[PDB]
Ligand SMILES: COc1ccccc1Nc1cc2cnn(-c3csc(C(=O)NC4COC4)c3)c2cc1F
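Next comes just one chain, in structure tokens: the form solved without the ligand.
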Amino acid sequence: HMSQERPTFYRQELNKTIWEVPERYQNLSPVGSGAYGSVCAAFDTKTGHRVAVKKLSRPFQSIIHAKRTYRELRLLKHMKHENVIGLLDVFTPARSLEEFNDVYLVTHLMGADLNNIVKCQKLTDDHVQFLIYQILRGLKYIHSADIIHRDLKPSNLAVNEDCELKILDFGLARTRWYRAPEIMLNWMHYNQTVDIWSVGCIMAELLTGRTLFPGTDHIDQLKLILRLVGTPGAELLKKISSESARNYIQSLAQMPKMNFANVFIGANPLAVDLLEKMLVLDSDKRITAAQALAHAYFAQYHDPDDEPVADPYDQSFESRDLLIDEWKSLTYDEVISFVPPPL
């Protein structure tokens, strides 16, 4: 009832598997295979843009896969922000639930990540302000829906030639250089300020040209971090659930927080000030995305009337205990109820 007219599909075998996509999508080219899916770049003849087309690999083989597929579709359908990956399209060749086995997601093509940009030029302080501004603007939006990215790092940030940025590749599970210490060692539950830690690690590296904490294992990584931000105080130790983790931390030679200005000489002092506020060991005391947008570092870009929040995002589905075919059916409904973006 009032369902979209079914496009004409065509089938091609690209590498391992049969791709069946609307004729709208042309000149498909493999861009590599992940654990959960395979990705091609394509020309979207409807919008005139190159896009990423992800074919999920057997999304309904198990509860874990079926729910993961549902999770991803619910998340991409919710997120509508200039600095965040959006769902351009989702389709199946299936004409019914009985024949529904394959899910294709169409999203912003990764033309260049933040590493490609660093590779080919020296960013100005203005480039760094604008890049970090857009990350924080996207994070204000997702955090306002109680979405946590969980895996912010340069390879998950798309950047175009206008230095416009999008947050890509959200963590869908229920290099560590950019991970908050409290999650790297499982000290406590994910809060959204794990993302703020990641932005701090990214900004430091864009300012200096050097990875901030390029540790080789969890221990080496944690010692590099604690050398800069100081060993946990008694107040933080109370909030760590594991006795073993608490015992391990107490085993460490107490270290003072370093003076950041001496680690970042010649950087804009407002940038260093913001870095201080992002890289606080106690996740409760880190600046939030919204606060960070008001920092004087971003005075040139900050507009409180154009830093929007999201609709609330209902994640109560996470506690549902359902059959493969029930997750599959919910996923199918979300394919059916998909409204493409305007224009």
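In this text, residue numbers run from 1 along the sequence as written. Rigid core: the largest C-alpha set superposing within 1.5 Å between the two forms.
Query raised in the report: Thinking of the other compared PDB entries, is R174 one of those residues unmodelled in at least a third of them?
Result: Yes.
Query raised in the report: Taking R174 and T175 as adjacent modelled residues, how many residues of the deposited sequence between them have no coordinates (none, 1 to 3, 4 to 9, 10 or more)?
Result: Per the deposited record, the segment joining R174 and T175 lacks coordinates for 10 or more residues.
Query - Higher-scoring stretch by recorded Cα B factor average, 32 to 40 or 270 to 278 - result: Higher of the two, by average CA B-factor, is 32 to 40.
Query raised in the report: For the stretches 48 to 56 and 62 to 70, which has the higher mean C-alpha B-factor as given in the deposited record?
Result: Averaged over C-alpha atoms, the B-factors run higher in 48 to 56.
Query - Member of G209, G200, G233, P154 with the greatest C-alpha B factor (per the PDB record) - result: Of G209, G200, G233, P154, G233 has the highest C-alpha B-factor.
Requested in this report: Would you mind finding, among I132, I167, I147, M184, the residue with the largest C-alpha temperature factor in the entry?
Outcome: By C-alpha B-factor in the record, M184 ranks first.
**Report entry** Where the record places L330 (Cα B-factor, split into thirds across the chain)
**Finding:** Its C-alpha B-factor belongs to the lowest third of this chain's values.
Query raised in the report: Compared with the other modelled residues in the chain, in which third is the CA B-factor of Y190?
Result: For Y190, the deposited C-alpha B-factor lands in the highest third.
Query raised in the report: When the modelled residues of the chain are sorted by Cα temperature factor, does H81 land in the lowest, middle or highest third?
Result: Lowest third.
**Report entry** Ranked against its chain, the third holding the CA B-factor of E23
**Finding:** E23: CA B-factor falls in the middle third of its chain.
Report task. Taking the chain's C-alpha temperature factors as the reference, tell me which third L322 falls into: lowest, middle or highest. Result -> Lowest third, going by the recorded CA B-factors of the chain.
There is another form of the same protein, the form solved in complex with the ligand; it is not shown, and what comes next is about it.
**Report entry** Accessibility of shown form to the ligand in the deposited complex, site-C-alpha superposition, 2.4 Å backbone/C-beta rule
**Finding:** Blocked: the placed ligand clashes with backbone or C-beta atoms.
Query raised in the report: Is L293 close to the ligand in the deposited complex, meaning a heavy atom pair under 4.5 Å apart or at it?
Result: No, no contact at 4.5 Å.
Report task. Give a yes or no for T107: in the deposited complex, does one of its heavy atoms lie within 4.5 Å of a heavy atom belonging to the ligand? Result -> Yes, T107 is a contact residue.
Report task. Would you check, heavy atoms only and a 4.5 Å threshold, whether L76 touches the ligand in the deposited complex? Result -> So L76 counts as contacting the ligand.
**Report entry** 4.5 Å heavy atom contact, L97 and the ligand in the deposited complex
**Finding:** No, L97 stays farther than 4.5 Å from the ligand in the deposited complex.
**Report entry** Contact set, 20 to 56 vs the ligand in the deposited complex - heavy atom within 4.5 angstroms
**Finding:** Read in sequence order, the residues that approach the ligand (within 4.5 Å, in the deposited complex) are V31, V39, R50, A52, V53, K54.
**Report entry** Single mover in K223, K80, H127, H108, with Cα shift of 2 Å or more between the shown form and the other one when the core is superposed
**Finding:** Once the cores are aligned, the residue moving by 2 Å or more is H108.
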